[PDB]
Every structure is written in structure tokens, then in C-alpha cells.
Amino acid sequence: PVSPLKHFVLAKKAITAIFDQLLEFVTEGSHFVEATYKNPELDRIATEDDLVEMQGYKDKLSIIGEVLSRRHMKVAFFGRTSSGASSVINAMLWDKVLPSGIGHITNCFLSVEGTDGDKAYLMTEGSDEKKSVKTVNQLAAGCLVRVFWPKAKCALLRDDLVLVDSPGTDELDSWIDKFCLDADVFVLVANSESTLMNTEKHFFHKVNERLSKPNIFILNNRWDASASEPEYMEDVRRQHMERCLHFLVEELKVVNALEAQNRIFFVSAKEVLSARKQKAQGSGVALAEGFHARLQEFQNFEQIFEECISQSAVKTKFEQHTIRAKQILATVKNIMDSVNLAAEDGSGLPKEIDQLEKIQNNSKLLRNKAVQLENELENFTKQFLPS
């Protein structure tokens, strides 16, 4: 019963804590080497290069924890106008957050992120005032209007997801990149009353140029309009499936035809939205029906989406920082070894002996500490990054 998204938020809390401990350690470590380097009583027990390295790791690590804290999952929706992109987003949020017409109405992107506040509001580029919501939106060289919405009202925003609507793929496809390469999942919202178009196809090819292997979903929306016809429904679906498959598996072969079953859904976002928005009254009603089978299909989509995006986003957003921290800790271990050795070797003795043995001792506590943080990084990769 617990959202797969929890995985990412859990990971973010873990990696955050580690890089705090880690920055704390390298700072302490850096003061030491500096102390030892600058000591006049000492002859090269620690070098200036030793110091500079440490100071560099300190100034680095400091900046990594900053960017970690600002990291979220991002899903991006595309579709011809009136395919139902905005409805899908609203259905996932359980409320009419985005109004029908956007971003055809506005001709720009609309992100939806959570706020810790309790009032919704808008924010544009190069400005930090909080315009009142959509109220002032039909108004608001690319273009982005960020919608904030109370975390207390949507689970997905509470759990670090950001949702983006495009203006519909009803030109161009180079200026969007300004919004996209952050994205962990791209969703093609298709109109099931009509067929997969090339203008739709064409935009995902450019994503599949640039991004290495992007996670792509296809939602065949408006599925209600082909309903109530059990034998018609099933032969129609087969034809949409086969063209949807042919676009994922072969023309963008970014998935094989068995993993692709878990990438393609038939869905009625309007049905799901109405059903969800009604939870203030305790059930009436839907459009054709059919309607329980559709609503389950949307829920299976949600669950798979959330498995996919959480796991993908942890890899591409946390793994390399972890690798970088392993290499950092290894170089620091080396530097303690180097100081410790230089110190039993006298150089790189009355009571000088006793200053040196204290230096040896500090370096070993530091090295031992590098080793705990190493252990915490492996424990991290074990829980959040296997295999």
C-alpha cells in the first residue's frame, strides 16, 4: 500500500545526511592537514598539495549538498491539443489544478510543484512574487509558468514529484530542451479516437537523440469514447497497441515489445478526475461504463509510472555523486596514510617524538572516519542502487 515514490524521497534524505557528515569530515580533515603543513617544527609531514586537495574537496562537497537538496523527480506530458494532457495531470493530482485550455490557451509550459504553504500560487521567470493562481494565468525565447499547489492536498507533490504540461505538439523542438533534460519520464498523451501522428512521433525522436535512454509512456486517452462495445473495443485496442508498440520497440527502439506492455495504457482521464474530485461527498457519476476497468487501468499506470520514475530518478540524480564521494574518501585515506608514514619516518628526537605520535593518532582517527563514511556509502548503494 505504500507509494513507490517514497523510495526517492527516502533516498534523498539518506544521501543528504551522508553528504552533511561527509562535508563535516573533510572540513575537520582539512584543518588538520593545514595545521600539520603550517607547523614550523615539522619538515614536510603534510605538504601544500596535501592541503590544497583537501580544501578543494571541502569547497566541492559544500556545493554538492546544496544541489542534492534541490533535486526532485520530474515527469513531462505531451500531446496534441485536447488529447487530455492537462486532464491527466489533474487526475493524478485529484483536483482541477490546471484548467482545460493550457497550455494551448497560454502557449507555454506549466509545471506543478508542491508548496509547504496552504494557498496555491504562480511564479514566472526572472521574478519571485507569488501571483494568484490560474486566476492570473490565462495571461502570464521559451516560456514557463510554475504552478505551486498545497502539498497537503496531493500525495504526489508531497513526495517530491513535479509535473509539467507542454503546449501541445500541435513547433518547434530545440527550444523545449530548456525544460526537458531534467525530466525522468516523458509521457505521450494520445487521442484514442484518432491515431498516432508523426508530429507527435517527431518530438520524441529528438528526445531519443539527446537523452540516452529515456523512459517513455503512452497514454491513449479518451478511451471512454470507444466503450460499451466489447468486441469493437478489443479489436480497436489491438490496432492502437500495435502502432504504439511499433513506435516504442522499433522506431525509437528504446524498449523491447515485452517491457513495452508496461509502457502503454488505455485510459479516461476525465472519468478518473470526476471520480476523484467527488471525494467530499463520499459516487455519481462516470461517462460510458466500462468505467471500473478503465479506472483500474489508470491505477496500474500510476503504480508503474511511480515505480519507474522513482527508481530512474535515484540512479541518474544520485549515483554519480555517490561515486564522486567514494573517490574523494579514497584520496583522503591516502593523504592520512601519507601523513602517518611521514610521521613515523620522522620526516616526509626528544619531545618532537611526542608531537609526531599525536599527529599519527589524529590521522588514524581521521582515516578510521573515512572508513565509516565509506561504509555508509556502500550501505546506501546496497539499499538504493543495486544491482
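Numbering starts at 1 and runs along the sequence shown.
### Task
Between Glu302 and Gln303, determine how many residues of the deposited chain lack coordinates; answer none if the chain runs continuously, otherwise 1 to 3, 4 to 9, or 10 or more.
Per the deposited record, the segment joining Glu302 and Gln303 has no missing residues.
### Task
Count, per the entry, the deposited residues between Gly348 and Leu349 that are not modelled, and return the matching class: none, 1 to 3, 4 to 9, or 10 or more.
Per the record, 10 or more deposited residues are absent between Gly348 and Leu349.
### Task
Between 175-183 and 70-78, name whichever shows the higher mean Cα B factor according to the PDB entry.
Result of the comparison: 175-183.
### Task
Taking the mean of the C-alpha B-factors per stretch from the entry, tell me the winner out of 223-231 and 148-156.
Between 223-231 and 148-156, it is 223-231.
### Query
Going by the deposited entry, which of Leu341, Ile63, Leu51, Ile359 has the highest CA temperature factor?
Most elevated C-alpha B-factor of the set, per the entry: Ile63.
### Task
Select one of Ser212, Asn215, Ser194, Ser87: the residue whose C-alpha shows the highest B-factor in the crystal structure entry.
Among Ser212, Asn215, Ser194, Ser87, the PDB entry lists the largest C-alpha B-factor for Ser212.
### Query
Split the chain's modelled residues into thirds by Cα B-factor; is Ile353 in the lowest, middle or highest one?
Ranked within chain, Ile353 CA B lands in the highest tercile.
### Query
Among the chain's modelled residues, which third holds the C-alpha B-factor of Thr135?
As the PDB entry reports it, the C-alpha B-factor of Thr135 lands in the highest third of its chain.
### Third assignment of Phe291 from its chain's C-alpha B-factors
CA B-factor rank for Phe291: highest third.
### Query
In terms of the chain's CA B-factor thirds, is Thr115 lowest, middle or highest?
Its C-alpha B-factor belongs to the middle third of this chain's values.
### Task
Looking at the entry's B-factor column for C-alpha atoms only, identify whether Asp170 ranks in the lowest, middle or highest third of its chain.
Middle third - that is where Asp170 ends up once the chain's C-alpha B-factors are sorted.
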